[PDB]
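Remarks on the structure that follows.
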Amino acid sequence: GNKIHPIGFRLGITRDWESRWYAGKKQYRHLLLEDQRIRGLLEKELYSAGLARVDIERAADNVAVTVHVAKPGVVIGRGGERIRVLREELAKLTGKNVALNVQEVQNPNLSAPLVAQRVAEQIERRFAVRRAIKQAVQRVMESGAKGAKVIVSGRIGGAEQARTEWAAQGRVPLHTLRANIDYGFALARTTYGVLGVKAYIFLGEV
Amino acid sequence: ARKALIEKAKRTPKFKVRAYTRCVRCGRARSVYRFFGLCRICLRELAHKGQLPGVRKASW
Amino acid sequence: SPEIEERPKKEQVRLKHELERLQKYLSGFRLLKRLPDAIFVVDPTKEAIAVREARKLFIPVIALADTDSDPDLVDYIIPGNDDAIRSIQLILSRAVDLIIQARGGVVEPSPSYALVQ
RNA sequence: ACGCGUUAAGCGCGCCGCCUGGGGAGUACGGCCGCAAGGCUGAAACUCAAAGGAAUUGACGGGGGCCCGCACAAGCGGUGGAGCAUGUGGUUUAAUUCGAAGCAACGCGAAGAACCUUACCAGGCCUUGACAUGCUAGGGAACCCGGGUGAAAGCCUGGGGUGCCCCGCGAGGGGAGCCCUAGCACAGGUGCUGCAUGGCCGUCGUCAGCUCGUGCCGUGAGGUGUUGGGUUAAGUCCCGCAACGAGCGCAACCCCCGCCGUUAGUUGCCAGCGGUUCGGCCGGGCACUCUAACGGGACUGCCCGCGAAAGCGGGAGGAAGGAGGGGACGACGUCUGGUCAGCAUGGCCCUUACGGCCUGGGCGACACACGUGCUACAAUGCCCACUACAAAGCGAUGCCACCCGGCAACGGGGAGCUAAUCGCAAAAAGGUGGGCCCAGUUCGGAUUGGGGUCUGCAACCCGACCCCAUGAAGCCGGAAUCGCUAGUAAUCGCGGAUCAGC
Ligand SMILES: [Mg+2]
Ligand SMILES: [Mg+2]
Ligand SMILES: [Mg+2]
Ligand SMILES: [Mg+2]
Ligand SMILES: [Mg+2]
Ligand SMILES: [Mg+2]
Ligand SMILES: [Mg+2]
Ligand SMILES: [Mg+2]
Ligand SMILES: [Mg+2]
Ligand SMILES: [Mg+2]
Ligand SMILES: [Mg+2]
Ligand SMILES: [Mg+2]
Ligand SMILES: [Mg+2]
Ligand SMILES: [Mg+2]
Ligand SMILES: [Mg+2]
Ligand SMILES: [Mg+2]
Ligand SMILES: [Mg+2]
Ligand SMILES: [Mg+2]
Ligand SMILES: [Mg+2]
Numbered sequence: 002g003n004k005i006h007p008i009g010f011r012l013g014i015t016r017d018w019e020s021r022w023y024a025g026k027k028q029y030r031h032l033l034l035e036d037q038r039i040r041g042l043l044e045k046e047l048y049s050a051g052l053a054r055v056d057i058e059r060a061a062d063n064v065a066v067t068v069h070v071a072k073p074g075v076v077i078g079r080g081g082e083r084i085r086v087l088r089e090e091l092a093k094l095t096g097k098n099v100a101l102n103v104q105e106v107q108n109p110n111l112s113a114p115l116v117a118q119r120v121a122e123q124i125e126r127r128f129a130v131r132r133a134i135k136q137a138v139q140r141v142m143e144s145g146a147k148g149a150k151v152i153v154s155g156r157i158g159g160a161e162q163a164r165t166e167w168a169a170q171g172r173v174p175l176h177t178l179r180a181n182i183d184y185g186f187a188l189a190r191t192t193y194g195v196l197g198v199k200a201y202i203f204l205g206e207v
Numbered sequence: 002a003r004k005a006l007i008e009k010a011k012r013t014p015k016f017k018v019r020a021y022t023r024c025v026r027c028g029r030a031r032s033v034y035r036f037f038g039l040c041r042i043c044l045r046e047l048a049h050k051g052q053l054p055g056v057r058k059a060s061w
Numbered sequence: 124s125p126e127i128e129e130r131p132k133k134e135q136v137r138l139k140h141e142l143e144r145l146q147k148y149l150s151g152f153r154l155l156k157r158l159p160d161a162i163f164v165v166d167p168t169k170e171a172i173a174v175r176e177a178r179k180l181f182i183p184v185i186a187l188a189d190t191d192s193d194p195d196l197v198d199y200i201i202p203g204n205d206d207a208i209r210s211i212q213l214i215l216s217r218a219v220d221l222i223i224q225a226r227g228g229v230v231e232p233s234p235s236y237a238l239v240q
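As given, the protein sequences belong to chains C, N and B, one line each in that order. For the first sequence, PDB author numbering gives the first residue as 2, with consecutive numbering after it. For the second sequence, PDB author numbering gives the first residue as 2, with consecutive numbering after it. For the third sequence, PDB author numbering gives the first residue as 124, with consecutive numbering after it.
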């Protein structure tokens, strides 16, 4: 049981925050609880679109909420029918004026939490646990990455004894601060318990 | 017990000293940093993700 | 290049010393970029790992060889003297005559006298 | 296969002896031989699914060689002794909730157990439930204010109450919110399984390793690379080499601390000069100090010696050399490690109870045993007074200056401060003076009687603080045993988190 989170290891450099709002020592508490039940609701009713980051900013009773997705089409609805429903759902808990940009992740095979989700999705549809990994990495290397690595936990294929499958390609230098390693994690609630999917994508540098 | 209780701790009680903290996520009594409403665990977690603004690995 | 001025400190030795070795071994080998059609070997016993590979790949083996060596695994043998700088010279050069002379326009008997003595 | 290889275990011919799974067993029987000891010949029943040979990768050795680490040595201070604090074992209990178990459990989860917390017990209670989404149905449908009863929860109650859909009616009935009771799907379970799991962690170990691609070698497992020589903190680099490269590691990229520069003036200053009720306080000035952003600076770059090279010893310059000092950072894997009681989660179990609510007690028990700690046992010390050493953090349900009352804790008042501006804040050790004079003491402050203060609904079981009295063991600790290589150990105070208080 070793090893730090690669994002948290990098926050000051080669990775910046999912929440860029100052607060004093008595708002922070609530501007967080909100901040969170936000993602709690967004992530839950927005899986289809496939959301990577759920970026957020503030400046006193207004909120940015720049959601990044692979399939913008799905958040909008043909015209603007869903994006309305969401701005409306938000302000019922967030007693403030909820702004809301939307972004396309131009290549979703280089968004680690998408790759995780992908593989996690396959696992729940009893797929070939070891080839999923194999393919996923390939796909990620195929879309031009510097390296990748995927890990699945245990009860692989409903087996009685927990195990751990991994695969990787190129470089994934977890100790280099100046690396830029999108990391991502997906669950996978199956008929025979949870599996855990981790995904690492090396791209960056100076 | 940890449902009937996440509920009870929110109710305003007879006597303010019966009152107490709770990790507003990970629903929990002990090591609960009042500047966040966050259990040391459900906290190291967010702190890592970038979901706690300006919070960073300290090293000195 | 523009990066004969830059590159981190410990990389104008790290990278530039890597080029030294690559320069040292891959001077003449830098030329052929498909397997050759033959190999000319000076002492096939000294150079046995090379011959091995040739034969393995069905590349013919020319060699200046001598009592040292097993002739049977040299295709085109020149029974001579793998040691004398004279012998290596006489043969190696005149063979490179033929090589240019199959293409026209031969040159001098070559810069091939180190400080010969 | 190891190996054999004109001294074959190669290629052939002749002739002899022998083998035919292991154990029973070289046993029994018979025969022959022998002085005897015994020898030669040599079974069966029963019974096993192997017994074997060579080689591979490891692991191990009371085998070898090379080398590391506060591993031992060299030191300085500890524990084990005493009192007390604390965690644990045991015992006890109605309950003393649960977990953690050598290192890597035991001041651990607990960064805050009087009620809360709380998961335990005893009693009084609620059951569609403290919480989520829906369904079937008469009753009322927003809501407000009491009373009885009880420890509280809850339960039995008497009133105030008519807003909105609908106009379908000019006489108001139709389960629109909403709220009730009666059923139903369900909630709820800190119930069990960490050997069904995720996640996160511990751990060997910040140890110098673990691998891959292709090539090469072997029938093969596998090997080579990664062995060898040098070198390093390092699989760090160097030289060699059937390997050539690469990846996860190492290092570096990041933060703090050392030196200087740039940018910046409600904190710095007679640095300069002026005024000063002589407090940087006043106009004034960023020079300096600092504050915090950005750069510079170190490269074995330079000189001597050794070396093939990496690199090694020494010298100069420089605030700083050869990794300058402290962090962050944990390879493939190992331990069926840890946690289902943070959370998440597969399965099994409880559903007028294994759910819930409450009051009270318990987690604080005490014949005992252990771990981690505090305070000591004194004169290099104890006590009292005076006396600027300065250095990270907290503070508007707050930090509280300053006055006054009280021996005091604290209580009255009351200014400043959203805080480099005001407060917590005294730093303590030190320094200067005075006392004690080697005593179970003016050392030590346990225990205990009494009087108080504060937080809190409430301090018996169970709080901290102050004051009077009372002054226990303790004279440096058995066998065992712990930490630390430098701003370290040793020692002295200071802050924070949790938090009403502790
Ligand atoms: Mg409390
Ligand atoms: Mg031989
Ligand atoms: Mg037999
Ligand atoms: Mg053997
Ligand atoms: Mg072996
Ligand atoms: Mg010693
Ligand atoms: Mg003791
Ligand atoms: Mg348990
Ligand atoms: Mg386990
Ligand atoms: Mg686990
Ligand atoms: Mg256990
Ligand atoms: Mg082969
Ligand atoms: Mg290396
Ligand atoms: Mg070495
Ligand atoms: Mg490193
Ligand atoms: Mg176990
Ligand atoms: Mg109770
Ligand atoms: Mg306890
Ligand atoms: Mg004495």
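Backbone N, C-alpha and C fix where the C-beta goes; we use that ideal spot for every residue, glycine too.
Alpha helix (DSSP H) containing residue i: first to last residue?
{"i": "C/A71", "result": "Taken as a continuous stretch (DSSP letters only), C/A71 belongs to no alpha helix (DSSP H), as it is neither H nor E."}
{"i": "B/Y148", "result": "137-148"}
{"i": "C/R140", "result": "130-143"}
{"i": "C/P114", "result": "113-125"}
{"i": "B/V174", "result": "171-180"}
{"i": "C/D183", "result": "Segment 182-187 is the beta strand (DSSP E) holding C/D183; no alpha helix (DSSP H) there."}
{"i": "residue 1 of chain N", "result": "Only positions 2 to 61 of chain N appear in the structure, and residue 1 of chain N is not among them; the question remains open."}
{"i": "C/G41", "result": "29-45"}
Interface residues of chain C around residue i at Cβ under 7 Å?
{"i": "residue 1 of chain N", "result": "What is shown of chain N runs 2 to 61, which leaves residue 1 of chain N out entirely."}
Count the other C-beta atoms from every protein chain shown that fall within 10 angstroms of the C-beta of residue i, then say buried if there are 16 or more, exposed otherwise.
{"i": "C/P109", "result": "buried"}
{"i": "C/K150", "result": "buried"}
{"i": "B/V230", "result": "exposed"}
{"i": "C/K199", "result": "buried"}
{"i": "B/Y148", "result": "exposed"}
{"i": "N/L6", "result": "exposed"}
{"i": "B/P125", "result": "exposed"}
In the DSSP assignment, find the beta strand (DSSP E) that holds residue i and state where it starts and stops.
{"i": "C/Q104", "result": "103-105"}
{"i": "C/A168", "result": "166-171"}
{"i": "C/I202", "result": "198-203"}
{"i": "C/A61", "result": "From DSSP, C/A61 is part of no beta strand (DSSP E); its letter is neither H nor E."}
{"i": "C/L87", "result": "Premise fails: C/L87 lies in the alpha helix (DSSP H), 82-94, not in any beta strand (DSSP E)."}
{"i": "N/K9", "result": "First-last for N/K9: 5-9, but that is the alpha helix (DSSP H), not the beta strand (DSSP E)."}
Just to make sure I have the definition right: I need the residues of chain C whose C-beta is within less than 8 Å of the C-beta of residue i. Which are they?
{"i": "N/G51", "result": "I8, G9, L12, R16, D17, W18, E19, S20"}
{"i": "N/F36", "result": "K26, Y29, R30"}
{"i": "N/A48", "result": "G9"}
{"i": "N/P14", "result": "The premise fails here: N/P14 is roughly 20 Å from chain C at the closest Cβ pair, so nothing lies under 8 Å."}
Quick one: which chain C residues come within Cβ less than 9 Å of residue i?
{"i": "N/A30", "result": "None at all; the shortest Cβ gap to chain C is about 17 Å."}
{"i": "N/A59", "result": "Within 9 Å Cβ-Cβ: nothing; N/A59 doesn't reach chain C, min ~11 Å."}
Kindly examine ligand 1 and report whether one of its heavy atoms sits closer than 7 Å to the Cβ of residue i.
{"i": "N/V18", "result": "yes"}
{"i": "N/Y34", "result": "no"}
### Task
Mind the definition here: the region 3-13 of chain C touches the region 37-52 of chain N only if three or more C-beta pairs lie below 8 Å; say whether that holds.
yes
### Task
Flag this pair as touching only if the region 92-99 of chain C and the region 124-143 of chain C have three or more C-beta atom pairs under 8 Å; answer yes or no.
no
### Message
For the structure I just gave you, are there three or more beta carbon pairs, one from the region 104-121 of chain C and one from the region 168-186 of chain C, closer than 8 Å?
### Response
yes
### Message
Does the structure place the region 60-73 of chain C close enough to the region 133-145 of chain B that three or more beta carbon pairs sit under 8 Å?
### Response
no
### Task
Examine the Cβ distances between the region 28-35 of chain N and the region 18-29 of chain C and report whether three or more of them are shorter than 8 Å.
no
#### Entry: the region 166-176 of chain C / the region 14-23 of chain N touching (three or more Cβ pairs under 8 Å)
no
### Query
For the region 191-199 of chain B against the region 162-177 of chain B, are there 3 or more C-beta pairs whose distance is under 8 Å?
yes
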